[PDB]
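Neighbour counts are summed over all protein chains in view; Cβ atoms, including those assigned to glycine, are modelled from backbone coordinates with ideal geometry. Throughout, read-outs are computed from the coordinates displayed, never taken from laboratory work.
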Amino acid sequence: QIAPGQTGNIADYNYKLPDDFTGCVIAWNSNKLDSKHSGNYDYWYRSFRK
Amino acid sequence: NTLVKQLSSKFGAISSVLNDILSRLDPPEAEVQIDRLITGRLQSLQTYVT
Amino acid sequence: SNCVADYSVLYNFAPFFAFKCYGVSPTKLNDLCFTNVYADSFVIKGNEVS
């Protein structure tokens, strides 16, 4: 979802790139560092906005 | 009459009406459809002036 | 027909594998977007989604 021209809860209310954006989007799996069996309150999305 | 009538042509675009392109598509695709219309109009104006 | 369609509900119904539009882009669907609406529903294999 993190790309120019995309839509969704993140592209719409959390992180938006300009449509003439240049640069690189690097992604990797972090399951062994961020995951907690009880969850992690610190991570959320805005999920609503004007 | 020919120069005006050329405005109704699509020149490969979805629609000959510029406002329809802007209404229907987001900037990064609309720019391509507009560039196609611009190319067609540029050809028509150069032919007329020549 | 005879419906004031609101397309944010699609994002509320499910996350999607694909949402490819031709002739129109997402977020532009809240202006006039349809004339004769037909919804074709079917089940295919993931490898056949393309």
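Legend: mean number of C-beta atoms from other chains within 10 angstrom of residue C-beta atoms, peptide C:18-26, equals 4.
Could you compute the net charge surrounding B:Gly40? Neighbours are other residues with a C-beta less than 13 Å from the C-beta of B:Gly40; K and R count +1, D and E count -1. Local charge sum for B:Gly40: +3. Ordering of C:23-29, B:3-9 by packing is C:23-29, B:3-9, highest average first (other Cβ atoms within 10 Å, averaged per residue).
Note down the net charge around B:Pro27, summing +1 for each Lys or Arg and -1 for each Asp or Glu among other residues with Cβ under 14 Å from its Cβ. Computed value for this residue: -3. Convex hull of alpha carbon positions in chain B: directionally averaged projected area 3.2 nm². Straight-distance candidates among the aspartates and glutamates for linking to A:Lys16, with alpha-carbon spacing under 15 Å and chain neighbours fewer than 8 residues away dropped: B:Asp26. Coupling constants for segment A:24-33 follow from the phi torsions by the Karplus curve (6.51 cos²θ - 1.76 cosθ + 1.60, θ = phi - 60°), and in residue order they are 10, 10, 10, 9, 8, 6, 10, 3, 7, 10 Hz; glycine and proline get x.
Where Rh is the Kirkwood radius over the Cα pairs of the protein assembly as shown, the temperature 37 °C and the viscosity 0.692 mPa s, what D in µm²/s does Stokes-Einstein return? Approximately 166 µm²/s, per Stokes-Einstein.
In plain terms, the C-alpha convex hull of chain C casts an average shadow of 4.4 nm² when viewed from every direction.
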